[PDB]
Amino acid sequence: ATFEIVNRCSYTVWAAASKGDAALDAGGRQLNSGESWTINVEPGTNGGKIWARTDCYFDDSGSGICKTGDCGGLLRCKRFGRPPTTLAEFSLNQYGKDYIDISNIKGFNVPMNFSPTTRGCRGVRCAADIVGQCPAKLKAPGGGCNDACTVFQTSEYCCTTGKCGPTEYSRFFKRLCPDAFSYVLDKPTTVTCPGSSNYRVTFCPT
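Residues numbered from 1 in each chain as written, not as in the entry; some residues may be left out. Heavy atoms only, no water.

Where the PDB entry is consulted, the protein chain appears under the name Thaumatin-1, with the organism given as Thaumatococcus daniellii. For this entry, the PDB title field holds "8fs pulse duration 10uJ pulse energy thaumatin". As recorded by UniProt, the Function comment attached to the protein chain reads in full: "Taste-modifying protein; intensely sweet-tasting. It is 100000 times sweeter than sucrose on a molar basis." (UniProt positions renumbered as here; feature names shortened; annotations may be inferred.)

What follows is the structure in structure tokens.
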């Protein structure tokens, strides 16, 4: 499947793409404002994610640090990124269907649209000013708005027992971005697309 990743933000982002135990395609790349990066993701990929990283420094070996979404100091991510990270999540060719969503479960750094480029389903977007409006206790110094699990590490926020409810903090994310997951047991905002669809992830869509 083809994913075109587009940076419409006015600032540089370092895109990342991983399935948690391996890179997808090259795993990461710098995207200046306006740049587009096309990656190929193997059919049958389960549990893939794409995200943006901000304020990164890398040396010539591709080693360094980012203020949001750092994936163990690598340009080319093999593992998932450090919150806060707005996430584009997907599972492809699962019994004939692709499943896509955006998630704020690991916080929010950059606004995002995640849309098919082929026919037969809708896109999802979270493009509100979550950082600007972020509750004081969730604001990340490096930038971004953390989820409450990351900050407080409780059973209720992290849904450790598999029983948890919405909270004051999950409801903040949900109010600004209804079409994104706000906590682990949120009512799903997953979109079902035809198997073998293609997609575009746009950072800063508006």
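So, next bit.
J.: Any chance you could explain the state of the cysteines here in plain terms?
T.: A covalent bond bridging the sulfur atoms of two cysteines is what the word disulfide describes. Taken as a whole and judged by the stated rule, the model has eight disulfides. The disulfide partner of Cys 9 is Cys 204, and the S-S distance across this bridge is 2.0 Å. One disulfide, between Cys 9 and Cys 204, carries an S-S torsion of 90 degrees and so falls in the right-handed class. Placement of the pair is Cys 9 in the loop between β1 (2-7) and β2 (13-18) and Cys 204 in the segment after β14 (199-203), with a sequence separation of 195 residues. (Disulfide = S-S within 2.5 Å. Helix = DSSP H or I, 4+ residues; strand = E, 2+ residues; numbered from the N terminus.)

J.: Any chance you could explain the sheet that holds β1 here in plain terms?
T.: Strand pairing in a sheet takes place through backbone hydrogen bonds and is either antiparallel or parallel in direction. Ordered in space as β4-β1-β14-β10-β11, the five strands form an open sheet in which the pairing is mixed. A strand with exactly one partner marks an edge of an open sheet, and here the two such strands are β4 (36-40) and β11 (124-126). Direction aside, the axes of adjacent strands within the sheet are offset by 15 degrees on average. (Pairing = 2+ DSSP bridges. Axes fitted to C-alpha atoms, helices over the stretch in contact; angles between N-to-C directions.)

J.: Sorry if this is basic, but what is going on with the packing of aromatic side chains here?
T.: Both the distance between ring centres and the angle between the ring planes are used here to describe each pair of aromatic rings. Throughout the structure, instances matching the rule amount to ten aromatic pairs. Relative to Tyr 157, the ring of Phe 152 has its centre 5.7 Å away and its plane inclined at 45 degrees; by these criteria the two rings are tilted. Its relative accessible area of 25% is what places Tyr 157 among the partly exposed residues. Put simply, the rings of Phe 3, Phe 90, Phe 114 and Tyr 199 pair up and form one aromatic cluster. (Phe/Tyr/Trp six-rings, centres within 6.5 Å; stacked < 30°, edge-to-face > 60°. Buried < 20%, exposed > 50% of the residue type's maximum accessible area, 1.4 Å probe, protein only.)

J.: I'm lost on the environment of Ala 23 in this one. Help?
T.: Looking at where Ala 23 falls in the secondary structure, it is placed in strand β3 (residues 23-31). With a relative accessible area of 31%, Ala 23 lands in the partly exposed category. Separated by 56 residues in sequence, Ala 23 and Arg 79 place their C-alpha atoms 7.0 Å apart. Apart from residues no more than four positions distant in its own chain, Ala 23 is found in contact with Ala 17, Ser 18, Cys 77 and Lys 78. (Contact = heavy atoms within 4.5 Å.)

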